[PDB]
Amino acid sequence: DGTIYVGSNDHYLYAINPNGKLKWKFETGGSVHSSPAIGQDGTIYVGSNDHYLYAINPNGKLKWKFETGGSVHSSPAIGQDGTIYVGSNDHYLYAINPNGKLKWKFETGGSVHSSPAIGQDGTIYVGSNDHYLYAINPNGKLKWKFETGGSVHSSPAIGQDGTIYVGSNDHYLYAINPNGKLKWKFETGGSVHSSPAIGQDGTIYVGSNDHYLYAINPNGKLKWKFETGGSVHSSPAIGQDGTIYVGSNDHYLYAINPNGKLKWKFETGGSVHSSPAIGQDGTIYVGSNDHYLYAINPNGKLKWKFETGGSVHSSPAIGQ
C-alpha cells in the first residue's frame, strides 16, 4: 500500500498517498510532534500535545484515544503482543493494550520525551528528563536505570548483541550493556538529542548539537564526523546501500556515503528536525519546519512536497 503518515504542528495526523496526494487527515486537539507507529492490523498510533495517545484506523477514523497527564511528544513503540508503549510529559512510561485500556504505567522522575525501544526479550528502554536511561521489564517493574549527566531526550537503539545506545544532553553518546553497566561513552561537542541508528557492520550513527553527524565504531572510537551547517537534531536512517540520511537545522536533508563523504544534500525551506523514513522504492520522506512533508528520490531530486498547515517535526512512518 505505501501510505505515508506524519504529524504536523497544525494538530493533524496526515495520511499521504505515494503520489503526494492526500488520503485523509485526522484532527487531534493539539500539535502532533510524536512520530506515528503502525500496528500489524494497520492501526496508526501517535501522541498529541493535547495529552492523548491516539489509535487511528487505516480509514482515518478514531479507534480510541487514551488520556495521559500531559503532552505526548514521545513516539510509540509496539511490542510483539501488540502492547503500545509511549512516554508522556507527565513523567510516566505508558503500556497500553490494543483495546486502549491501560496495561501499566511506570513513573520516572521527569518528562519522558524519549521514544521507547523494545528488546528481543521484551525489555522496554526509554530515556527520561531526569537524566536516566530506563530498562523496564514487560511486567512494568524496573529492571535497571543508568544515570547520565543530563536529560535523555534521545531515543535508544538496540544492537544485534543487545547493546543499548542513546544520546544525552550531557554531550555523550552512551553504549550500555544489557546488564545496565557502562560499556563506553563517546564525547561529542554538544548535546545529543538525535536518536542513534545502527548500520549493518555495527557502526552507530547519531547527530549532535555541535552540527556534526557522527559515525562511531562498536568499540566507541570515532569512525568519522561530517559537518553540516547547523545542529543535527534529526535522527539518521540507513538505506540498503549504506547511505545515511539525516536532516539538519541548516534546512538541508543530507545523504552521506558510508565513508563519511557527502553524496548529496537537498535544501528545504526551514530546519529539518523530522527524522527521515525510507520507502521500499528508496524514496526518502522527511518533514521540514517550512510546513511541508518532502518526498525525495534516491538521486536527491524532489519527487513532491505536501504542504501542511504548520511545521512538520513529526517523523514519517510508511504503511505496508
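Note that residue numbering follows the sequence shown and begins at 1.
Comparing the deposited coordinates for 169-177 and 74-82, the stretch with the larger average C-alpha B-factor is 74-82. Across the two stretches, 88-96 and 158-166, the PDB entry reports the greater mean Cα temperature factor for 158-166. The PDB entry gives the largest Cα B-factor of the residues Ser248, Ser235, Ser114, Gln240 to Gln240.
The residue among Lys225, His131, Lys183, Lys105 whose C-alpha carries the highest B-factor in the deposited model is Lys183. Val206: CA B factor in the lowest third of modelled residues in this chain (values from the PDB entry). Sort the chain's modelled residues by C-alpha temperature factor and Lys21 lands in the middle third, per the entry. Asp41: CA B factor in the highest third of modelled residues in this chain (values from the PDB entry). For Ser151, the recorded CA temperature factor ranks within the middle third of the chain's modelled residues. Sort the modelled residues of the chain by CA B factor and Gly199 lands in the highest third.
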